[PDB]
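Undergrad: Opening piece of the complex, as it sits:
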Amino acid sequence: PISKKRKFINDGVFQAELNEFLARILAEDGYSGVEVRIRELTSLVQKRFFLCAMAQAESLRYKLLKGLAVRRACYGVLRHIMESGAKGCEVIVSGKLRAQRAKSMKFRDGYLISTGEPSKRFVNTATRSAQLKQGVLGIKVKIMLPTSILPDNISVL
Amino acid sequence: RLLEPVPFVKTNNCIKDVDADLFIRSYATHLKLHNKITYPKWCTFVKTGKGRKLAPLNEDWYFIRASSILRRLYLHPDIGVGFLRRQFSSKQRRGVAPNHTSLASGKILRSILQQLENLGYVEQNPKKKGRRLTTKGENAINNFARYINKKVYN
């Protein structure tokens, strides 16, 4: 018998716990859904308790971390993102970039809106980080899903 | 100066038909005349509430407050110490700290309620937890209200 507001709080808390656990484990694939291989996860969780934008960001983190060139890696990942079906994409990389002078660079294409309630409701966002030889690399990817129709669109047949 | 043309038909069947201030002062006069309650000998050395912090300077405060308490007792037929405090609440100056209110002292209200219980205007029942007027008090003060109405009407 816990109050309903604190039960919502517990709901959100466990949502965060499961989100971080999924982030930790789901590193050898994309997202095959969640469950409300499997045996160890279910046992650990029970003992404790009682197009894919995030997958593409994880794949780009993998490609950067395993030792491939930044430019070719981003070019190929852009090719895959475009072939997936999204209207546009954006990838931003922050880190050493093979120098002691920090530098950054965006990969934009298409409409690629970034501000507002419709923009947040439409465009999926993701961000990952990894260790490096002399610091940490941040990889942030925004991918817009194809468009209910976008409010600005007007076409009459 | 005080009467105003009331252009709609009156009923005048209870004290809610008559004003609070004139009723409380008039029945304070009635109470002082009839000597139903004592002074009491203990009221006169203490302020009615800490936030007032200063002497009453009226010499009739016990009886006037008692009449107002009877008014409130009918107005809300289930009230007690908390209601009396929050009806008689006043601000307080806490020194260099800013203005902030507080409820008055409770023992004067307790003594007035005790004396009313002794006189048999108010009764205590588990149902309707707050204090309520008895049937005797109801009829007596309804006739008193119509008495005041006809007195100050024509």
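TA: Noted; the coordinates are in hand. Residues are numbered from 1 along each chain as shown, chains lettered A, B, ... in the order given.
Undergrad: contacting residues around residue 74?
TA: Just so you know, I chose chain A. By CB atoms under 8 Å, 6 or more residues apart in numbering or on different chains, the contact set of residue A:74 is A:60, A:91, A:93, A:107. Every C-beta, even on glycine, is put in place using the N, C-alpha and C of the backbone.
Undergrad: nope, chain B please
TA: With CB under 8 Å, 6+ apart, residue B:74 has these contacts: B:14-16, B:133, B:138, B:141.
Undergrad: just to revisit the earlier point, and of the contacts of residue A:74, the nearest to residue A:122?
TA: residue A:91 (17.6 Å; CB to CB).
Undergrad: What lies in contact with the helix ranked longest in chain A?
TA: Scanning chain A for the longest helix, with DSSP state H as the assignment, gives helix A:4-25. Here helix A:4-25 makes contact (CB under 8 Å, 6+ apart) with A:2, A:34, A:41, A:45, A:49.
Undergrad: Inside helices: which ones of the contacts of residue B:74?
TA: B:138, B:141.
Undergrad: Off-centre distance for the longest helix of chain A?
TA: 18 Å (CA atoms, centre = their mean, to the nearest Å).
Undergrad: thinking again about what came up before, among the contacts of residue A:74, which are located in strands?
TA: Taking DSSP state E, the ones among the contacts of residue A:74 that sit in strands are A:91, A:93.
Undergrad: Let's add chain C too:
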Amino acid sequence: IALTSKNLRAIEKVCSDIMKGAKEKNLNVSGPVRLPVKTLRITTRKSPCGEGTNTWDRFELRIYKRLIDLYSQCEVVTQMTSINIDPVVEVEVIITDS
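TA: Putting chain C onto the chains we already have gives this:
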């Protein structure tokens, strides 16, 4: 039968199913009960370090809660609810007689 969620589309669809099921099963059912919405708020400030202007943003939790009542069988009602609900909702049961 009380219904609680954090989004209103879920309660709309679940209650629509409940009303249509009551209509089909011809039961003695109480009418829609639309509670005043209850919101939960917290005041937060950005800038995890102490350098910068003071800006503060508020958060909202409009939790939706409805009540209904039916004359039916507990097993059949819980069965159709379990069939046609998503666990993002919480439902509790209380029954009528007349």
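Undergrad: The contacts of helix A:4-25 again please, this time with chain C.
TA: Contacts of helix A:4-25 (CB under 8 Å, 6+ apart): A:2, A:34, A:41, A:45, A:49, C:4, C:6, C:40, C:61, C:63, C:65, C:90.
Undergrad: for whichever strand or helix holds residue B:63, which positions count as buried?
TA: Using DSSP states H and E, residue B:63 maps to helix B:61-75. Going by neighbour count (16 or more other CB atoms under 10 Å in any protein chain shown), the buried part of helix B:61-75 is B:61-74.
Undergrad: which SS state does residue A:131 fall under?
TA: For residue A:131, the assignment made with DSSP: H, G, I helix; E, B strand; the rest coil gives strand.
Undergrad: what's the closest non-adjacent residue to it?
TA: Excluding the flanking residues, the one nearest residue A:131 by CB to CB, 6 or more residues apart in numbering or on different chains is residue A:137, at 7.8 Å.
Undergrad: Is the one you found bridged to anything, and to what?
TA: residue A:130 (DSSP bridges).
Undergrad: Is it in contact with residue A:130, as I believe?
TA: Yes - counting by CB atoms under 8 Å, residue A:130 is a contact partner of residue A:137 at 5.0 Å.
Undergrad: Give me the more crowded residue out of those two.
TA: residue A:137 (18 against 13; other CB atoms under 10 Å in any protein chain shown).
Undergrad: tell me how far the ends of stretch B:44-60 are from each other?
TA: 10 Å (CA to CA, to the nearest Å).
Undergrad: As chain D, please add this:
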Amino acid sequence: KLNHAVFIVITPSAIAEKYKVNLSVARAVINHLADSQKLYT
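TA: One more chain to add, chain D, which I have set with the ones above:
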């Protein structure tokens, strides 16, 4: 620095300026004559 006393249009301020008195003693005189502020008689 007040200089008035009680020892010697009924409005308090006018009476006070008339006899050169304060408003408290002015209202005392008003009561003693007719027999906080309010509409004129």
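Undergrad: Check the contacts of helix A:4-25 one more time with chain D there.
TA: A:2, A:34, A:41, A:45, A:49, C:4, C:6, C:40, C:61, C:63, C:65, C:90.
Undergrad: Now a PyMOL select for only the buried ones of those residues.
TA: Entered in PyMOL, the line below selects the buried ones among the contacts of helix A:4-25, by 16+ other CB under 10 Å:
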select buried, chain C and resi 4+6+65
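Undergrad: which two in the contacts of helix A:4-25 are spaced the farthest apart?
TA: A:41 and C:65 (33.6 Å).
Undergrad: do you know how far residue A:40 is from residue A:142?
TA: Look at residue A:40 and residue A:142: by CB to CB, to the nearest Å, they are 34 Å apart.
Undergrad: Name the residue in the two with the higher neighbour count.
TA: More neighbours surround residue A:142 than the other of residue A:40 and residue A:142, with 23 against 9 (other CB under 10 Å).
Undergrad: Could you tell me which residues of chain A lie near chain C?
TA: Proximity of chain A to chain C is confined to A:4-5, A:7-8, A:36 under the rule CB under 8 Å from any CB of the partner chain.
Undergrad: Please identify which pair of those residues lies farthest apart.
TA: A:5 and A:36 (22.8 Å).
Undergrad: Can you report how many residues lie near residue 4?
TA: Since you didn't name a chain, this refers to chain A. Neighbour number of residue A:4 under other CB under 10 Å is 13.
Undergrad: meant chain D actually
TA: Residue D:4 has 12 nearby residues by other CB under 10 Å.
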